[PDB]
Amino acid sequence: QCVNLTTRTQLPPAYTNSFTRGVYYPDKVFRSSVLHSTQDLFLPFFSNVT
Amino acid sequence: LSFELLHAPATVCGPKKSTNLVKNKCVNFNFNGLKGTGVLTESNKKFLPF
Ligand SMILES: *[C@@H]1O[C@H](CO)[C@@H](O)[C@H](O)[C@H]1NC(C)=O
């Protein structure tokens with residue numbers, strides 16, 4: 001059971017920046033005071049986000 | 001059977017023996033499937049819960 005919606009207003013999606021967002025831990029291992037390189041899926045910096 | 005080996009804390013173990021904590025002795029051990037030989041002392045670093 002669902003109710004249809006007919007009051008939606010037409011508006012194209014906007015775009016903003018992603019300066020320093022979209023980073024997480026590549027693995028569950030913990031490292032300290034080191035610089036490590038890991039190849040994994042990530043959000044690129046300075047890109048559109050909807 | 002699919003094993004998630006050494007990617008997370010492990011709670012599925014078969015054998016176990018009674019042992020007690022010892023300090024300042026470079027002796028062998030097995031921590032969560034990882035083997036080493038070193039002394040056991042304290043430290044001032046802080047550990048995050050995860
Ligand atoms: C986002 O896309 C628009 C075109 O769709 C473009 O003009 C704009 O430069 C893009 N912004 C970034 C940060 O890439």
# chains A, B, ... in the order shown; residues from 1 in each chain; ligands from 1
call {"tool": "residues_near_ligand", "arguments": {"ligand": "ligand 1", "cutoff": "10 Å", "atoms": "only C-alpha atoms and all ligand atoms", "output": "ChimeraX atom specification"}}
result
/A:13-19,45-50
call {"tool": "residues_around", "arguments": {"residues": "residue 23 in chain A", "least_positions_apart": "5", "cutoff": "12 Å", "atoms": "only C-alpha atoms", "output": "count of residues only"}}
result
7
call {"tool": "closest_atom_pairs", "arguments": {"of": "chain B", "to": "chain A", "cutoff": "12 Å", "atoms": "only C-alpha atoms", "output": "CSV"}}
result
residue,atom,partner,partner_atom,distance
B:6,CA,A:29,CA,9.4
B:7,CA,A:28,CA,6.8
B:8,CA,A:28,CA,7.0
B:9,CA,A:28,CA,9.8
B:45,CA,A:32,CA,10.8
B:46,CA,A:32,CA,11.3
B:47,CA,A:30,CA,10.0
B:48,CA,A:30,CA,9.8
B:49,CA,A:30,CA,11.3
B:50,CA,A:28,CA,8.7
call {"tool": "residues_around", "arguments": {"residues": "residue 21 in chain B", "least_positions_apart": "3", "cutoff": "12 Å", "atoms": "only C-alpha atoms", "output": "PDB file with N, CA and C atoms, in the first residue's frame"}}
result
ATOM      1  N   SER B  18      45.267 -22.770  31.026  1.00  0.00           N
ATOM      2  CA  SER B  18      45.260 -21.736  32.053  1.00  0.00           C
ATOM      3  C   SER B  18      46.638 -21.090  32.147  1.00  0.00           C
ATOM      4  N   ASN B  24      58.169  -8.227  32.354  1.00  0.00           N
ATOM      5  CA  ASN B  24      59.617  -8.027  32.247  1.00  0.00           C
ATOM      6  C   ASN B  24      60.367  -9.319  31.932  1.00  0.00           C
ATOM      7  N   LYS B  25      59.746 -10.217  31.168  1.00  0.00           N
ATOM      8  CA  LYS B  25      60.378 -11.460  30.741  1.00  0.00           C
ATOM      9  C   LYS B  25      60.144 -11.638  29.248  1.00  0.00           C
ATOM     10  N   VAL B  27      59.563 -13.748  26.717  1.00  0.00           N
ATOM     11  CA  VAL B  27      59.115 -15.124  26.560  1.00  0.00           C
ATOM     12  C   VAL B  27      58.163 -15.197  25.375  1.00  0.00           C
ATOM     13  N   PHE B  29      54.862 -16.288  23.068  1.00  0.00           N
ATOM     14  CA  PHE B  29      53.423 -16.172  23.278  1.00  0.00           C
ATOM     15  C   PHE B  29      52.718 -16.366  21.941  1.00  0.00           C
ATOM     16  N   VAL B  39      59.254  -8.892  26.198  1.00  0.00           N
ATOM     17  CA  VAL B  39      58.846  -8.593  27.568  1.00  0.00           C
ATOM     18  C   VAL B  39      57.493  -7.885  27.566  1.00  0.00           C
ATOM     19  N   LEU B  40      56.862  -7.861  28.737  1.00  0.00           N
ATOM     20  CA  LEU B  40      55.539  -7.270  28.913  1.00  0.00           C
ATOM     21  C   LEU B  40      55.649  -6.141  29.929  1.00  0.00           C
ATOM     22  N   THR B  41      55.496  -4.905  29.461  1.00  0.00           N
ATOM     23  CA  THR B  41      55.587  -3.723  30.306  1.00  0.00           C
ATOM     24  C   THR B  41      54.425  -2.788  29.991  1.00  0.00           C
TER      25      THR B  41
END
call {"tool": "select_by_dssp", "arguments": {"residues": "chain B", "states": "strand (DSSP E)", "output": "ChimeraX atom specification"}}
result
/B:27-31,34-38
call {"tool": "closest_residue", "arguments": {"among": "B:43, B:4, B:15, B:10", "to": "residue 31 in chain B", "atoms": "only C-alpha atoms"}}
result
B:10
call {"tool": "atom_distance", "arguments": {"atom1": "CA of residue 34 in chain B", "atom2": "CA of residue 39 in chain A"}}
result
25.2 Å
call {"tool": "atom_distance", "arguments": {"atom1": "CA of residue 26 in chain A", "atom2": "CA of residue 38 in chain A"}}
result
6.9 Å
call {"tool": "atom_distance", "arguments": {"atom1": "CA of residue 33 in chain A", "atom2": "CA of residue 23 in chain B"}}
result
26.3 Å
